[PDB]
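Colleague: Sharing protein-v3.csv (CSV, C-alpha atoms) below.
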chain,number,residue,atom,x,y,z
A,1,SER,CA,-38.2,-35.6,1.1
A,2,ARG,CA,-35.3,-36.6,-1.1
A,3,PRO,CA,-32.1,-34.6,-1.1
A,4,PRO,CA,-32.2,-32.6,-4.4
A,5,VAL,CA,-28.5,-31.8,-4.2
A,6,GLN,CA,-25.3,-33.8,-3.5
A,7,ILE,CA,-21.7,-32.9,-3.3
A,8,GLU,CA,-20.1,-33.7,-6.7
A,9,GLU,CA,-16.5,-32.7,-6.2
A,10,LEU,CA,-14.2,-32.0,-3.3
A,11,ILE,CA,-10.9,-30.3,-4.5
A,12,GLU,CA,-8.4,-30.5,-1.7
A,13,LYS,CA,-5.5,-28.0,-2.0
A,14,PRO,CA,-2.8,-26.8,0.4
A,15,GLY,CA,-4.7,-23.7,1.4
A,16,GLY,CA,-8.4,-24.7,1.3
A,17,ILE,CA,-11.0,-27.0,-0.1
A,18,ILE,CA,-13.3,-26.3,-3.1
A,19,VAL,CA,-16.7,-27.9,-2.7
A,20,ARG,CA,-18.8,-28.3,-5.8
A,21,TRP,CA,-22.4,-29.7,-5.8
A,22,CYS,CA,-24.9,-30.7,-8.3
A,23,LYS,CA,-28.7,-30.8,-8.5
A,24,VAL,CA,-29.6,-34.5,-8.7
A,25,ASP,CA,-33.3,-34.1,-9.4
A,26,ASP,CA,-33.9,-32.1,-12.7
A,27,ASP,CA,-37.5,-31.6,-11.6
A,28,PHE,CA,-36.4,-29.5,-8.6
A,29,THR,CA,-36.2,-25.7,-9.2
A,30,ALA,CA,-33.6,-24.2,-6.9
A,31,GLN,CA,-33.6,-20.7,-5.7
A,32,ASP,CA,-30.7,-21.0,-3.2
A,33,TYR,CA,-28.1,-23.4,-1.9
A,34,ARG,CA,-26.7,-23.7,1.7
A,35,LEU,CA,-23.3,-25.2,2.4
A,36,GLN,CA,-22.1,-26.0,5.9
A,37,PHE,CA,-18.9,-27.5,7.4
A,38,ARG,CA,-17.5,-28.6,10.7
A,39,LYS,CA,-14.3,-30.2,12.0
A,40,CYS,CA,-14.9,-34.0,12.2
A,41,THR,CA,-14.2,-33.6,16.0
A,42,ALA,CA,-16.9,-30.9,16.4
A,43,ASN,CA,-20.6,-31.4,17.2
A,44,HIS,CA,-22.0,-28.4,15.3
A,45,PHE,CA,-22.2,-27.4,11.6
A,46,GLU,CA,-21.9,-23.8,10.6
A,47,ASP,CA,-23.0,-22.1,7.4
A,48,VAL,CA,-20.2,-21.1,5.1
A,49,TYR,CA,-22.1,-20.2,1.9
A,50,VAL,CA,-25.7,-19.3,1.1
A,51,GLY,CA,-26.5,-18.4,-2.4
A,52,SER,CA,-27.3,-19.4,-5.9
A,53,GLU,CA,-23.9,-20.7,-7.0
A,54,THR,CA,-23.0,-24.5,-7.0
A,55,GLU,CA,-19.4,-24.2,-5.7
A,56,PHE,CA,-17.6,-22.4,-2.9
A,57,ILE,CA,-13.9,-22.2,-1.9
A,58,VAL,CA,-13.5,-22.9,1.8
A,59,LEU,CA,-10.4,-21.1,3.0
A,60,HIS,CA,-10.7,-21.2,6.8
A,61,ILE,CA,-9.5,-24.8,7.5
A,62,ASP,CA,-6.5,-25.9,9.4
A,63,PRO,CA,-4.1,-28.3,7.7
A,64,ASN,CA,-3.9,-31.9,9.1
A,65,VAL,CA,-7.6,-31.7,10.2
A,66,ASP,CA,-10.5,-33.5,8.7
A,67,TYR,CA,-13.7,-31.5,8.0
A,68,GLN,CA,-17.2,-32.6,7.1
A,69,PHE,CA,-19.3,-30.8,4.5
A,70,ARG,CA,-23.0,-30.9,3.7
A,71,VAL,CA,-25.3,-29.0,1.3
A,72,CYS,CA,-29.0,-28.5,0.8
A,73,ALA,CA,-31.3,-26.4,-1.4
A,74,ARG,CA,-34.5,-24.5,-1.2
A,75,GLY,CA,-37.1,-23.8,-3.9
A,76,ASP,CA,-38.4,-20.4,-4.9
A,77,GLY,CA,-41.9,-20.7,-3.3
A,78,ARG,CA,-40.8,-22.9,-0.4
A,79,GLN,CA,-39.1,-21.2,2.6
A,80,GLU,CA,-38.0,-24.6,4.0
A,81,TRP,CA,-34.6,-26.0,3.2
A,82,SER,CA,-34.5,-29.4,1.6
A,83,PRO,CA,-32.9,-32.4,3.3
A,84,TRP,CA,-29.2,-32.5,3.3
A,85,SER,CA,-26.8,-34.2,0.9
A,86,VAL,CA,-24.8,-37.1,2.2
A,87,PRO,CA,-21.9,-35.5,4.1
A,88,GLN,CA,-18.5,-35.7,2.7
A,89,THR,CA,-15.2,-35.4,4.5
A,90,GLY,CA,-12.2,-33.5,3.3
A,91,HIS,CA,-8.9,-32.0,4.3
A,92,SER,CA,-6.3,-29.7,2.9
A,93,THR,CA,-3.2,-31.2,1.5
A,94,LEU,CA,0.2,-30.9,3.1
A,95,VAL,CA,3.1,-29.1,1.4
A,96,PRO,CA,5.7,-28.0,3.9
A,97,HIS,CA,7.1,-24.5,3.9
A,98,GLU,CA,11.0,-24.7,3.9
A,99,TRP,CA,13.9,-22.5,2.9
A,100,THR,CA,16.3,-23.2,0.1
A,101,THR,CA,19.2,-25.3,1.2
A,102,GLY,CA,22.7,-24.5,0.1
A,103,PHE,CA,22.2,-20.7,-0.3
A,104,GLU,CA,25.4,-18.8,0.7
A,105,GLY,CA,24.9,-16.4,3.7
A,106,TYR,CA,22.2,-18.4,5.5
A,107,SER,CA,22.4,-21.3,7.8
A,108,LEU,CA,19.3,-23.6,8.2
A,109,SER,CA,18.0,-25.7,11.1
A,110,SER,CA,17.7,-29.5,10.6
A,111,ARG,CA,14.1,-29.2,9.4
A,112,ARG,CA,15.0,-26.4,7.0
A,113,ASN,CA,12.4,-24.1,8.5
A,114,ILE,CA,14.6,-21.7,10.5
A,115,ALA,CA,17.1,-19.6,8.5
A,116,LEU,CA,19.9,-17.6,10.2
A,117,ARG,CA,21.9,-14.9,8.4
A,118,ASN,CA,25.6,-15.6,9.0
A,119,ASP,CA,28.8,-13.8,8.4
A,120,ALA,CA,29.2,-14.9,4.8
A,121,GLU,CA,28.5,-12.9,1.7
A,122,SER,CA,25.0,-13.4,0.3
A,123,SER,CA,24.0,-13.1,-3.4
A,124,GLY,CA,20.5,-11.9,-2.6
A,125,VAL,CA,17.1,-13.1,-1.3
A,126,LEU,CA,16.8,-16.4,0.5
A,127,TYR,CA,13.8,-18.0,-1.2
A,128,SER,CA,11.5,-20.8,-0.2
A,129,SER,CA,12.7,-24.1,-1.6
A,130,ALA,CA,10.0,-24.0,-4.2
A,131,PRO,CA,6.8,-22.0,-4.7
A,132,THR,CA,4.9,-23.4,-1.7
A,133,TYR,CA,2.8,-20.5,-0.6
A,134,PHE,CA,-0.7,-21.4,-1.9
A,135,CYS,CA,-3.6,-19.1,-2.0
A,136,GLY,CA,-5.8,-19.4,1.1
A,137,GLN,CA,-2.9,-20.2,3.3
A,138,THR,CA,-2.0,-18.1,6.3
A,139,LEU,CA,1.8,-17.8,5.9
A,140,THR,CA,3.3,-17.1,9.3
A,141,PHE,CA,6.9,-16.2,10.1
A,142,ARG,CA,8.4,-15.7,13.6
A,143,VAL,CA,11.5,-13.6,14.2
A,144,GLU,CA,13.7,-15.7,16.6
A,145,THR,CA,16.7,-13.5,16.9
A,146,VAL,CA,17.7,-10.1,15.4
A,147,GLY,CA,20.7,-8.3,14.0
A,148,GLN,CA,21.5,-4.8,12.9
A,149,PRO,CA,18.7,-3.5,10.7
A,150,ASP,CA,19.2,-2.4,7.1
A,151,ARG,CA,17.1,-0.7,4.4
A,152,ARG,CA,17.2,-3.9,2.2
A,153,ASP,CA,15.8,-6.2,4.9
A,154,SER,CA,12.7,-8.0,3.7
A,155,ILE,CA,10.2,-10.8,4.5
A,156,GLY,CA,7.6,-11.5,1.8
A,157,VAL,CA,6.1,-13.3,-1.1
A,158,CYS,CA,6.6,-13.1,-4.8
A,159,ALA,CA,5.9,-14.7,-8.2
A,160,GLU,CA,9.4,-15.8,-9.3
A,161,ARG,CA,12.8,-16.8,-7.9
A,162,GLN,CA,15.1,-14.0,-9.2
A,163,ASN,CA,18.7,-13.9,-8.1
A,164,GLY,CA,19.5,-10.3,-9.1
A,165,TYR,CA,17.9,-8.0,-6.5
A,166,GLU,CA,19.0,-7.4,-2.9
A,167,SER,CA,15.5,-7.7,-1.4
A,168,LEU,CA,11.9,-8.3,-2.2
A,169,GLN,CA,11.3,-4.6,-2.5
A,170,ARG,CA,10.7,-5.1,-6.2
A,171,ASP,CA,8.0,-5.6,-8.9
A,172,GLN,CA,5.8,-8.7,-8.6
A,173,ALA,CA,6.5,-9.1,-4.9
A,174,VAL,CA,5.0,-7.9,-1.6
A,175,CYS,CA,7.1,-7.6,1.6
A,176,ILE,CA,7.7,-6.0,4.9
A,177,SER,CA,11.0,-4.6,6.1
A,178,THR,CA,12.5,-4.6,9.6
A,179,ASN,CA,11.3,-1.1,10.3
A,180,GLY,CA,7.6,-2.1,9.7
A,181,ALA,CA,7.5,-0.6,6.2
A,182,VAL,CA,5.4,-2.4,3.6
A,183,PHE,CA,6.2,-2.6,-0.1
A,184,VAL,CA,3.8,-3.6,-2.9
A,185,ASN,CA,5.5,-4.3,-6.2
A,186,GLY,CA,8.5,-2.4,-4.9
A,187,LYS,CA,6.4,0.7,-3.9
A,188,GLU,CA,6.5,1.6,-0.2
A,189,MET,CA,3.2,2.3,1.6
A,190,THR,CA,2.6,5.2,3.8
A,191,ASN,CA,1.2,3.1,6.7
A,192,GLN,CA,3.7,1.0,8.6
A,193,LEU,CA,3.5,-1.9,11.0
A,194,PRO,CA,5.3,-2.0,14.3
A,195,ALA,CA,9.0,-2.9,13.8
A,196,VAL,CA,9.8,-6.6,14.5
A,197,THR,CA,11.7,-7.7,17.6
A,198,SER,CA,12.5,-11.2,18.7
A,199,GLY,CA,9.2,-13.0,19.2
A,200,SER,CA,7.4,-10.9,16.6
A,201,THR,CA,5.4,-12.8,14.1
A,202,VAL,CA,4.5,-11.7,10.6
A,203,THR,CA,1.5,-13.1,8.7
A,204,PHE,CA,0.5,-13.0,5.1
A,205,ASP,CA,-3.1,-13.7,3.9
A,206,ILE,CA,-3.7,-13.5,0.2
A,207,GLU,CA,-7.2,-14.0,-1.4
A,208,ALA,CA,-8.3,-13.8,-5.0
A,209,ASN,CA,-3.4,-9.3,-14.8
A,210,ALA,CA,-4.9,-10.3,-11.4
A,211,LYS,CA,-6.1,-8.3,-8.4
A,212,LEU,CA,-5.3,-9.9,-5.0
A,213,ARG,CA,-6.2,-8.6,-1.5
A,214,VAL,CA,-3.3,-8.9,0.9
A,215,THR,CA,-3.5,-8.8,4.7
A,216,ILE,CA,-0.2,-8.4,6.5
A,217,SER,CA,-0.3,-8.8,10.3
A,218,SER,CA,2.5,-8.2,12.8
A,219,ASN,CA,2.7,-7.3,16.5
A,220,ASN,CA,-1.1,-7.0,16.8
A,221,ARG,CA,-1.6,-4.6,13.9
A,222,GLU,CA,-2.7,-5.2,10.3
A,223,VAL,CA,-2.6,-3.5,6.9
A,224,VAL,CA,-4.8,-4.6,4.0
A,225,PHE,CA,-4.3,-3.5,0.4
A,226,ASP,CA,-4.6,-4.5,-3.3
A,227,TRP,CA,-1.8,-6.3,-5.1
A,228,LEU,CA,-1.8,-6.4,-8.8
A,229,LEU,CA,0.0,-9.5,-10.2
A,230,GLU,CA,0.6,-10.5,-13.8
A,231,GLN,CA,0.4,-14.2,-12.9
A,232,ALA,CA,-2.7,-15.7,-11.5
A,233,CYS,CA,-3.1,-16.7,-7.8
A,234,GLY,CA,-0.8,-19.7,-8.7
A,235,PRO,CA,1.6,-20.9,-6.0
A,236,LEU,CA,4.0,-18.1,-4.9
A,237,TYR,CA,7.5,-18.1,-3.5
A,238,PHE,CA,8.3,-16.6,-0.1
A,239,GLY,CA,11.6,-15.2,0.8
A,240,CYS,CA,13.7,-13.1,3.1
A,241,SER,CA,16.7,-10.9,3.0
A,242,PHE,CA,19.0,-9.4,5.6
A,243,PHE,CA,22.3,-7.6,5.1
A,244,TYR,CA,23.7,-8.0,8.6
A,245,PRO,CA,24.3,-11.2,10.6
A,246,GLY,CA,22.1,-12.4,13.4
A,247,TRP,CA,18.6,-12.2,11.9
A,248,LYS,CA,16.9,-15.6,12.2
A,249,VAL,CA,13.5,-16.4,10.9
A,250,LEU,CA,11.2,-19.4,11.5
A,251,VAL,CA,8.6,-20.2,8.8
A,252,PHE,CA,5.5,-22.3,9.8
Represent the structure contained in this file as structure tokens.

Modeller:
Amino acid sequence: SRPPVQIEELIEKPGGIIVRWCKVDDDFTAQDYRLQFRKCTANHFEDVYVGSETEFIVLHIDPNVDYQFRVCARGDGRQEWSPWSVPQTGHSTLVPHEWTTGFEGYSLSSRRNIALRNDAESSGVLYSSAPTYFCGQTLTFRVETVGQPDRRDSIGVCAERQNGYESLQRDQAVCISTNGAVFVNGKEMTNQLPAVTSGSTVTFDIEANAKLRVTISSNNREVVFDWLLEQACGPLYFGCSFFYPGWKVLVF
């Protein structure tokens, strides 16, 4: 008849929200907690976590959208859930995905989100402007226009901005090439995705050395695999590389 649990912290990040709750009546003995969320615009809460832990990382949230969260608890001999905490509203933070400006061989759109491979010599991979891929984000690229394909073509994600290599087909990176081949720490997988054409999207979903699970989607097919990284799930760079002119990639 009193809420035994309240939300204690809301940790708003670019790719999700961590909700942490605390038992506010020491005399309550909790078996299970139940966390729900909804968009502030929606008329229905849905369960996102039921279990004995007192925090949960909520990854399926759109940026720029407010969500409401509430939590309750149930005792061991009582089947009925307790009253709910006061609800709390949260949102992910906003860190735009943009390409590096001033990198030879690539021309950018005014908002720095579309990169075109031009006729100039290029020193290597065009990286994001900073490591702005955060775990929990769905990172989406769209291929606007194409050029001649080449074995060193890549689109992907990696730990560090490294100027040496010709592509992201290298250690501490995951990428796809323009033939649909997928590389994990520079090692090509047997399974391929359909090769990109203009209009194709490529999506990366990465969820927690360190063992991450990576889902790459493209042209209505997916591959899923393990990626072992020596960093943690800290923010990652993204990048692309194309040898021949005409390839143009939007990042969302």

Colleague: Can you measure CA of residue 193 (chain A) to CA of residue 217 (chain A) for me? One decimal in Å is fine.

Modeller: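 So the answer is 7.9 Å.
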
Colleague: I need the residue nearest residue 150 (chain A) from this list: A:50, A:181, A:42, A:250. Use only C-alpha atoms for the distance.

Modeller: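 The shortest atom-to-atom distance to residue 150 (chain A) comes from A:181.
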
Colleague: Identify which of the residues A:145, A:219, A:197, A:178 lies closest to residue 249 (chain A), counting all atoms listed in the file when measuring atom-to-atom distances.

Modeller: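 Of A:145, A:219, A:197, A:178, the one nearest residue 249 (chain A) is A:145, counting all atoms listed in the file.
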
Colleague: Please produce, as JSON lines, a per-residue contact table for region 97-186 of chain A versus region 224-231 of chain A (criterion: any atom at most 12 Å away, only C-alpha atoms considered), showing the nearest atom pair and its distance in Å to one decimal, sorted by chain then residue number.

Modeller:
{"residue": "A:157", "atom": "CA", "partner": "A:227", "partner_atom": "CA", "distance": 11.3}
{"residue": "A:158", "atom": "CA", "partner": "A:229", "partner_atom": "CA", "distance": 9.3}
{"residue": "A:159", "atom": "CA", "partner": "A:231", "partner_atom": "CA", "distance": 7.3}
{"residue": "A:160", "atom": "CA", "partner": "A:231", "partner_atom": "CA", "distance": 9.8}
{"residue": "A:171", "atom": "CA", "partner": "A:229", "partner_atom": "CA", "distance": 9.0}
{"residue": "A:172", "atom": "CA", "partner": "A:229", "partner_atom": "CA", "distance": 6.1}
{"residue": "A:173", "atom": "CA", "partner": "A:229", "partner_atom": "CA", "distance": 8.4}
{"residue": "A:174", "atom": "CA", "partner": "A:227", "partner_atom": "CA", "distance": 7.8}
{"residue": "A:175", "atom": "CA", "partner": "A:227", "partner_atom": "CA", "distance": 11.2}
{"residue": "A:182", "atom": "CA", "partner": "A:225", "partner_atom": "CA", "distance": 10.3}
{"residue": "A:183", "atom": "CA", "partner": "A:227", "partner_atom": "CA", "distance": 10.1}
{"residue": "A:184", "atom": "CA", "partner": "A:227", "partner_atom": "CA", "distance": 6.6}
{"residue": "A:185", "atom": "CA", "partner": "A:227", "partner_atom": "CA", "distance": 7.6}
{"residue": "A:186", "atom": "CA", "partner": "A:227", "partner_atom": "CA", "distance": 11.0}

Colleague: Write out as a ChimeraX atom specification the residues lying within 6 Å of region 100-104 of chain A, counting only C-alpha atoms and excluding same-chain residues fewer than 4 positions away.

Modeller: /A:122,127-129

Colleague: What gap, in Å, lies between CA of residue 47 (chain A) and CA of residue 93 (chain A)?

Modeller: 22.6 Å

Colleague: Of the residues A:38, A:117, A:248, A:60, which is the one nearest to residue 198 (chain A), using all atoms listed in the file?

Modeller: A:248

Colleague: Closest to residue 15 (chain A) among A:92, A:167, A:132, A:241, using only C-alpha atoms?

Modeller: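 Among A:92, A:167, A:132, A:241, it is A:92 that comes nearest to residue 15 (chain A).
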
Colleague: Give as number ranges by chain the set of residues within 12 Å of the point (-5.6, -29.0, 7.5), where distances use the file's coordinates and all atoms listed in the file.

Modeller: A: 12-17, 39-40, 58-67, 89-96, 136-138

Colleague: From the list A:77, A:234, A:87, A:199, which residue is nearest residue 146 (chain A) when using all atoms listed in the file?

Modeller: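 Nearest candidate to residue 146 (chain A) out of A:77, A:234, A:87, A:199: A:199.
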
Colleague: Separation of CA of residue 125 (chain A) and CA of residue 196 (chain A), in Å?

Modeller: 18.6 Å

Colleague: Show which residues sit within 9 Å of residue 8 (chain A), as an mmCIF file with C-alpha atoms, in the frame of the given file. Count all atoms listed in the file, and ignore same-chain residues fewer than 5 positions away.

Modeller:
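This is the output file selection.cif:
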data_model
loop_
_atom_site.group_PDB
_atom_site.id
_atom_site.type_symbol
_atom_site.label_atom_id
_atom_site.label_comp_id
_atom_site.auth_asym_id
_atom_site.auth_seq_id
_atom_site.Cartn_x
_atom_site.Cartn_y
_atom_site.Cartn_z
ATOM 1 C CA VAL A 19 -16.700 -27.900 -2.700
ATOM 2 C CA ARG A 20 -18.800 -28.300 -5.800
ATOM 3 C CA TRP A 21 -22.400 -29.700 -5.800
ATOM 4 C CA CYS A 22 -24.900 -30.700 -8.300
#

Colleague: Set the distance at 12 Å and use all atoms listed in the file: which residues neighbour residue 124 (chain A) once local chain neighbours fewer than 6 positions away are removed? I'd like the list as a list in words.

Modeller: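 Residues meeting the cut-off are residues 103, 104, 105, 106, 117, 152, 153, 154, 161, 162, 163, 164, 165, 166, 167, 168, 169, 239, 240, 241, 242 and 243 of chain A.
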
Colleague: Please write as a ChimeraX atom specification the list of polymer residues whose atoms come within 7 Å of (-6.8, -16.9, -11.5), counting all atoms listed in the file and keeping to the coordinates of the file.

Modeller: /A:210,232-233

Colleague: Write out as number ranges by chain which residues come within 9 Å of residue 75 (chain A) when counting all atoms listed in the file, dropping same-chain ones fewer than 2 positions away.

Modeller: A: 28-32, 73, 77-82

Colleague: Kindly reconstruct region 177-212 of chain A with N, CA and C atoms and present the result as a PDB file, in the frame of the given file.

Modeller:
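result-v8.pdb written:
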ATOM      1  N   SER A 177       9.645  -4.729   5.681  1.00  0.00           N
ATOM      2  CA  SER A 177      11.000  -4.600   6.100  1.00  0.00           C
ATOM      3  C   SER A 177      11.069  -4.550   7.626  1.00  0.00           C
ATOM      4  N   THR A 178      12.280  -4.460   8.164  1.00  0.00           N
ATOM      5  CA  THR A 178      12.500  -4.600   9.600  1.00  0.00           C
ATOM      6  C   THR A 178      12.058  -3.404  10.373  1.00  0.00           C
ATOM      7  N   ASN A 179      11.802  -2.306   9.683  1.00  0.00           N
ATOM      8  CA  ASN A 179      11.300  -1.100  10.300  1.00  0.00           C
ATOM      9  C   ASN A 179       9.756  -1.035  10.257  1.00  0.00           C
ATOM     10  N   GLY A 180       9.087  -2.082   9.756  1.00  0.00           N
ATOM     11  CA  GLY A 180       7.600  -2.100   9.700  1.00  0.00           C
ATOM     12  C   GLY A 180       7.093  -1.567   8.348  1.00  0.00           C
ATOM     13  N   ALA A 181       7.955  -1.100   7.459  1.00  0.00           N
ATOM     14  CA  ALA A 181       7.500  -0.600   6.200  1.00  0.00           C
ATOM     15  C   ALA A 181       7.030  -1.709   5.290  1.00  0.00           C
ATOM     16  N   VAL A 182       5.978  -1.441   4.521  1.00  0.00           N
ATOM     17  CA  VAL A 182       5.400  -2.400   3.600  1.00  0.00           C
ATOM     18  C   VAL A 182       5.539  -1.952   2.207  1.00  0.00           C
ATOM     19  N   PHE A 183       5.940  -2.876   1.334  1.00  0.00           N
ATOM     20  CA  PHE A 183       6.200  -2.600  -0.100  1.00  0.00           C
ATOM     21  C   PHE A 183       5.315  -3.475  -0.923  1.00  0.00           C
ATOM     22  N   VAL A 184       4.723  -2.881  -1.955  1.00  0.00           N
ATOM     23  CA  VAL A 184       3.800  -3.600  -2.900  1.00  0.00           C
ATOM     24  C   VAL A 184       4.350  -3.349  -4.273  1.00  0.00           C
ATOM     25  N   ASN A 185       4.827  -4.418  -4.920  1.00  0.00           N
ATOM     26  CA  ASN A 185       5.500  -4.300  -6.200  1.00  0.00           C
ATOM     27  C   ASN A 185       6.567  -3.200  -6.155  1.00  0.00           C
ATOM     28  N   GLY A 186       7.312  -3.214  -5.053  1.00  0.00           N
ATOM     29  CA  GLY A 186       8.500  -2.400  -4.900  1.00  0.00           C
ATOM     30  C   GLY A 186       8.127  -0.947  -4.460  1.00  0.00           C
ATOM     31  N   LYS A 187       6.853  -0.645  -4.214  1.00  0.00           N
ATOM     32  CA  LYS A 187       6.400   0.700  -3.900  1.00  0.00           C
ATOM     33  C   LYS A 187       6.003   0.740  -2.396  1.00  0.00           C
ATOM     34  N   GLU A 188       6.727   1.542  -1.618  1.00  0.00           N
ATOM     35  CA  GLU A 188       6.500   1.600  -0.200  1.00  0.00           C
ATOM     36  C   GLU A 188       5.157   2.321   0.127  1.00  0.00           C
ATOM     37  N   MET A 189       4.415   1.724   1.061  1.00  0.00           N
ATOM     38  CA  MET A 189       3.200   2.300   1.600  1.00  0.00           C
ATOM     39  C   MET A 189       3.413   3.324   2.633  1.00  0.00           C
ATOM     40  N   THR A 190       2.479   4.268   2.767  1.00  0.00           N
ATOM     41  CA  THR A 190       2.600   5.200   3.800  1.00  0.00           C
ATOM     42  C   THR A 190       2.463   4.554   5.205  1.00  0.00           C
ATOM     43  N   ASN A 191       1.476   3.676   5.356  1.00  0.00           N
ATOM     44  CA  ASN A 191       1.200   3.100   6.700  1.00  0.00           C
ATOM     45  C   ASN A 191       2.230   1.990   6.955  1.00  0.00           C
ATOM     46  N   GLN A 192       2.661   1.929   8.209  1.00  0.00           N
ATOM     47  CA  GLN A 192       3.700   1.000   8.600  1.00  0.00           C
ATOM     48  C   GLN A 192       3.104   0.082   9.738  1.00  0.00           C
ATOM     49  N   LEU A 193       3.686  -1.085   9.866  1.00  0.00           N
ATOM     50  CA  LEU A 193       3.500  -1.900  11.000  1.00  0.00           C
ATOM     51  C   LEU A 193       4.519  -1.711  12.064  1.00  0.00           C
ATOM     52  N   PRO A 194       4.295  -2.163  13.298  1.00  0.00           N
ATOM     53  CA  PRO A 194       5.300  -2.000  14.300  1.00  0.00           C
ATOM     54  C   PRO A 194       6.568  -2.822  13.895  1.00  0.00           C
ATOM     55  N   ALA A 195       7.743  -2.266  14.163  1.00  0.00           N
ATOM     56  CA  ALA A 195       9.000  -2.900  13.800  1.00  0.00           C
ATOM     57  C   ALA A 195       9.164  -4.234  14.534  1.00  0.00           C
ATOM     58  N   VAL A 196       9.673  -5.261  13.845  1.00  0.00           N
ATOM     59  CA  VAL A 196       9.800  -6.600  14.500  1.00  0.00           C
ATOM     60  C   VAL A 196      10.906  -6.574  15.505  1.00  0.00           C
ATOM     61  N   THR A 197      10.679  -7.349  16.556  1.00  0.00           N
ATOM     62  CA  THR A 197      11.700  -7.700  17.600  1.00  0.00           C
ATOM     63  C   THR A 197      11.639  -9.187  17.715  1.00  0.00           C
ATOM     64  N   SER A 198      12.560  -9.734  18.501  1.00  0.00           N
ATOM     65  CA  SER A 198      12.500 -11.200  18.700  1.00  0.00           C
ATOM     66  C   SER A 198      11.225 -11.566  19.384  1.00  0.00           C
ATOM     67  N   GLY A 199      10.570 -12.583  18.824  1.00  0.00           N
ATOM     68  CA  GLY A 199       9.200 -13.000  19.200  1.00  0.00           C
ATOM     69  C   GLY A 199       8.147 -12.472  18.335  1.00  0.00           C
ATOM     70  N   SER A 200       8.427 -11.442  17.545  1.00  0.00           N
ATOM     71  CA  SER A 200       7.400 -10.900  16.600  1.00  0.00           C
ATOM     72  C   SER A 200       7.080 -11.949  15.562  1.00  0.00           C
ATOM     73  N   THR A 201       5.793 -12.041  15.262  1.00  0.00           N
ATOM     74  CA  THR A 201       5.400 -12.800  14.100  1.00  0.00           C
ATOM     75  C   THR A 201       4.930 -11.826  12.975  1.00  0.00           C
ATOM     76  N   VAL A 202       4.995 -12.340  11.757  1.00  0.00           N
ATOM     77  CA  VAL A 202       4.500 -11.700  10.600  1.00  0.00           C
ATOM     78  C   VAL A 202       3.693 -12.653   9.782  1.00  0.00           C
ATOM     79  N   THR A 203       2.466 -12.264   9.448  1.00  0.00           N
ATOM     80  CA  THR A 203       1.500 -13.100   8.700  1.00  0.00           C
ATOM     81  C   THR A 203       1.111 -12.531   7.424  1.00  0.00           C
ATOM     82  N   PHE A 204       0.973 -13.380   6.406  1.00  0.00           N
ATOM     83  CA  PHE A 204       0.500 -13.000   5.100  1.00  0.00           C
ATOM     84  C   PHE A 204      -0.769 -13.806   4.771  1.00  0.00           C
ATOM     85  N   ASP A 205      -1.825 -13.108   4.360  1.00  0.00           N
ATOM     86  CA  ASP A 205      -3.100 -13.700   3.900  1.00  0.00           C
ATOM     87  C   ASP A 205      -3.413 -13.106   2.563  1.00  0.00           C
ATOM     88  N   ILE A 206      -3.519 -13.944   1.534  1.00  0.00           N
ATOM     89  CA  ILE A 206      -3.700 -13.500   0.200  1.00  0.00           C
ATOM     90  C   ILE A 206      -4.892 -14.227  -0.429  1.00  0.00           C
ATOM     91  N   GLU A 207      -5.886 -13.466  -0.871  1.00  0.00           N
ATOM     92  CA  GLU A 207      -7.200 -14.000  -1.400  1.00  0.00           C
ATOM     93  C   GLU A 207      -7.467 -13.367  -2.738  1.00  0.00           C
ATOM     94  N   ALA A 208      -7.785 -14.221  -3.706  1.00  0.00           N
ATOM     95  CA  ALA A 208      -8.300 -13.800  -5.000  1.00  0.00           C
ATOM     96  C   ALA A 208      -9.514 -12.920  -4.860  1.00  0.00           C
ATOM     97  N   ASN A 209      -3.960  -9.567 -16.140  1.00  0.00           N
ATOM     98  CA  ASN A 209      -3.400  -9.300 -14.800  1.00  0.00           C
ATOM     99  C   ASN A 209      -4.216 -10.093 -13.748  1.00  0.00           C
ATOM    100  N   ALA A 210      -4.120  -9.674 -12.481  1.00  0.00           N
ATOM    101  CA  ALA A 210      -4.900 -10.300 -11.400  1.00  0.00           C
ATOM    102  C   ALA A 210      -4.838  -9.443 -10.120  1.00  0.00           C
ATOM    103  N   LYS A 211      -6.010  -9.188  -9.527  1.00  0.00           N
ATOM    104  CA  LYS A 211      -6.100  -8.300  -8.400  1.00  0.00           C
ATOM    105  C   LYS A 211      -6.318  -9.186  -7.114  1.00  0.00           C
ATOM    106  N   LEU A 212      -5.295  -9.223  -6.263  1.00  0.00           N
ATOM    107  CA  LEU A 212      -5.300  -9.900  -5.000  1.00  0.00           C
ATOM    108  C   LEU A 212      -5.471  -8.965  -3.840  1.00  0.00           C
TER     109      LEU A 212
END
